[PDB]
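One chain is shown next in structure tokens, namely the form deposited in one PDB entry.
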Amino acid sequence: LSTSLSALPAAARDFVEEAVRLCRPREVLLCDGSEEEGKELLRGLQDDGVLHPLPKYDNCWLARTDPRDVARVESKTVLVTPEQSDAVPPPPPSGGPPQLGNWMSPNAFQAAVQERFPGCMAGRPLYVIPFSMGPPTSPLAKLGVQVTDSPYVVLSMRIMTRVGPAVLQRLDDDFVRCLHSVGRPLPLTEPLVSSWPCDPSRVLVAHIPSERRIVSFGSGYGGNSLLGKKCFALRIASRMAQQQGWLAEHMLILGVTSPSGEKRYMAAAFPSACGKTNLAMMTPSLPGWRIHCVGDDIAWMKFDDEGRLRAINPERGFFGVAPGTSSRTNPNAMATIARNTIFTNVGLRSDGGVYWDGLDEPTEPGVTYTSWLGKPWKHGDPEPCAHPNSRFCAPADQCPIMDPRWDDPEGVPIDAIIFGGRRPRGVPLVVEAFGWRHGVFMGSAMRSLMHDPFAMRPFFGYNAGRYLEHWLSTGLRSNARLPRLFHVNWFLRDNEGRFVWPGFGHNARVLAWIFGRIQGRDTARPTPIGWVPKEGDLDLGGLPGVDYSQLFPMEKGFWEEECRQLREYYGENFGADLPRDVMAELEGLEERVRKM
């Protein structure tokens, strides 16, 4: 933290001074990403009452939020473009709520800024955060400058991105301007809740791609405030990608090594509550196989000169949902979050540790709890101890299975892309697409019952139909080594309501099959929905009782209904903006189902 801004290049300096004149902060501080700066930020945050130390652990801290500021606010998140059709398809003609993004006109956007930002930082320091999305020297990396009046945001951006000097050395006119304020100028006219400033009634999270700009007001929380995380890495980036010939995706990236020494990388898009982080840092249950984590949320991908799809993880840390995390379910995540971690809205224990539903850290008898609301809590309370969207924010380099190339500037070659879902019936354990367009259809048809195409539903940066067109166009690249495309479902249930598939480390068996398919192996049989593993070619050795026929249902009734639902979904939500090739795939599936 320094008041000297002379190291900022001209365009970055211009942006900072614009924000200063608008927001009227008490002082202006340039962040350098150093260890000493982190200690300073922590001290101020503890003094402000925002952070509780967690003396059970090594340098971990707990923040709590105002109950009105606990998650991304989709209804207040908007794309700002001169033409509405550049941002979103036509409104559902039957009058249903728009579900592929919100549009705000430039006129309306500017008027909204003018109601909110003038003088919003009075009495507060403004912090300048120069940051890189990706290793700063990667050809796939992109820079930003975020200004904010939240030390909490500064601390978390330091973890989630690359911040400081090394970024400054690369900074020119080409960066994303990221303007943030909690919207609580001093003096306060009423007490805060949990020392957490916000302006919930006026929250606005705006994306202005034509201006390389993100503007976020009134929330201090994760997806709204850490502008690299979703605003930049998916919304702004997806539009850049469409214009510049790459892909910015809501995908984990992992490396899979066979017992015989070959390594393949795979990306996977999962909607919420499908075990995304459990897959990305899985400990495999097939002897000889290794899994490494490259990232568990965002993937930026571009074809190289040889036609290989190269991916980087543009983030430097994990901002993960805490509830459910345990040594039983994810020992790698437990190791990642054991030190130098900021927890938000989890429970606090009398022994100075944390608590959330599912946590299995041994604790002494007589240990007691305080909920994320600051109230005493005991098991059986109608409310959870930790908020369901409570988070850890931890450096990625603490994950024991980080891939050796997780921060390699060249990126890793992707040979499979996996779409995920959670269905009790109908959708097989694993299916491979018959080709590129068929796979793009599978991605567009993902569910979460809600539809979540490519797991991008809340994160489109431009017309979702045109994003599907971009995916189709991408497959036409001359001499591209296109990854094979798959859809997986870990969550089929049997007649008794128990899972047919044990999941977790056994998911490695599904990755092993996919690995073999990448290798050109003759291990599949055709079905109306795509290729499935032949019985015997999916390794079920050591899984006695697991019933192959239950893992690969082929139910005509289910698919007839699924087709009806998709047709209605496409018609209402994409209309004329749906690419013909996608509709053609639905029509093909319909005809194949007719003959089954």
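When you see a residue number, it is the position in the sequence shown, counting from 1. So that the term is clear: the rigid core is the largest set of C-alpha atoms that superpose within 1.5 Å between two forms.
Keep in mind the form deposited in another entry is missing from the figure; the text below concerns it.
Lining up the core between this form and the one not shown shows that one residue from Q110, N495, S210, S350 moves its Cα 2 Å or more, and that residue is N495.
In the core-superposed comparison between this form and the one not shown, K56 has its Cα shifted by less than 2 Å. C31 shows a C-alpha shift below 2 Å between this form and the one not shown [criterion: core-superposed Cα displacement of 2 Å].
Once you line up the core between this form and the one not shown, the Cα of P553 ends up 2 Å or more from where it was.
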